[PDB]
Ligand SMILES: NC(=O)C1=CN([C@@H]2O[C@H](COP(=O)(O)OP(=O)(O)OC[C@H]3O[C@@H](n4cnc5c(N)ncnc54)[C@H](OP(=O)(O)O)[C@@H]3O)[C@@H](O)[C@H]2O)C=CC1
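Form deposited without the named molecule, single chain, as structure tokens, below.
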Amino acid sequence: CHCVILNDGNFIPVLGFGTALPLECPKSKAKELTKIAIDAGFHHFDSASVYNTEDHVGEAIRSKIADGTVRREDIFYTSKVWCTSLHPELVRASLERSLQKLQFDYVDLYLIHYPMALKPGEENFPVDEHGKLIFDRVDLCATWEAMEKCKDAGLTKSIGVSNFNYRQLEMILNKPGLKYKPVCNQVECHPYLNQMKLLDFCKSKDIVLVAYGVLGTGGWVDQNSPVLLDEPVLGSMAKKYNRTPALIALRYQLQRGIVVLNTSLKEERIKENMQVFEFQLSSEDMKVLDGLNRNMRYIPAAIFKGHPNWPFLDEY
């Protein structure tokens, strides 16, 4: 493995495969993609209870274990508790359900998906008659204590968070009687939103930053206007190193000590990910990439914008 140590003693592969699927795709597509990713060399798989793809991803993994491609111990599986189960007593319940769907005995990492609670229930997006989310309030420190207990019960080897801004991380870190610090903070990160300040903070607290939406992500204008991968600097550097604009973006994060999660529906693209270990960017080129930062948040989770705990209002 091309791994990095977590503050709790566990190791996580620096390259992971995201299992979230496009709205149009049959959830079963996750199974095929997971198998392809495994054959391509991926050992780290990122999922979440809300993606409703865990049963298929679990089947893919158990199938590659059964034919001897990999062993459970060599796989790093991550799940996340959704907004509707942040209530302390619902945390463990959701994790156990995921393990049931996966037919696993444990997950390697369990994260709080967002620092925002929503009305408990089967619906992942509970809304009123006006289509507005029914927010709920919870003590994130209580939710955290429940995460700690899951780790102690052996249901998850490590625990961390996702989409937490620095102050929210602080709430957990300064929590009285804290037992386990989150091992990571999974957030959107790429050349247009390099998360420099948040990264420096996490590193200062021995927390690993895990990036999703590393290559970026409606109407014709909004769908055809230039996006991250259209960046001329990446295209130029890609030709300079004879790789792809995507590989430049992926490599950029690795050289910053960031764990990267990537996804694709195409086998060739999934396989190309492994090239991120085949080359290196020069200090000067790393500095050039640092200059692309333009605070462009592609995954704002707009529907939550009115939530008291929306993490993206603060600078970082």
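In case it trips you up, residue 1 is the first one in the sequence shown, and so on.
Just so it is clear, the following notes concern the form deposited with the named molecule bound, a form of the same protein that is not shown.
Site residues 10, 61 and 157 are none of them in contact with the named molecule in the deposited bound form, judged by any heavy atom within 4.5 Å.
In the deposited bound form, the named molecule sits beyond 4.5 Å of every heavy atom of residue 120. Using a 4.5 angstroms limit between non-hydrogen atoms, residue 223 is distant from the named molecule in the deposited bound form. Proximity of residue 85 to the named molecule in the deposited bound form: non-hydrogen atoms within 4.5 Å are absent; the residue sits far from the partner. Although the partner is absent here, residue 142 is not a contact residue: none of its heavy atoms lies within 4.5 angstroms of the named molecule in the deposited bound form. Taking 195, 168, 163, 98 one by one, only a single residue has any non-hydrogen atom within 4.5 Å of the named molecule in the deposited bound form, and it is 163. Of the candidate stretches 133 to 141, 101 to 109, 86 to 94, 207 to 215, only 207 to 215 contains residues with a heavy atom within 4.5 Å of the named molecule in the deposited bound form.
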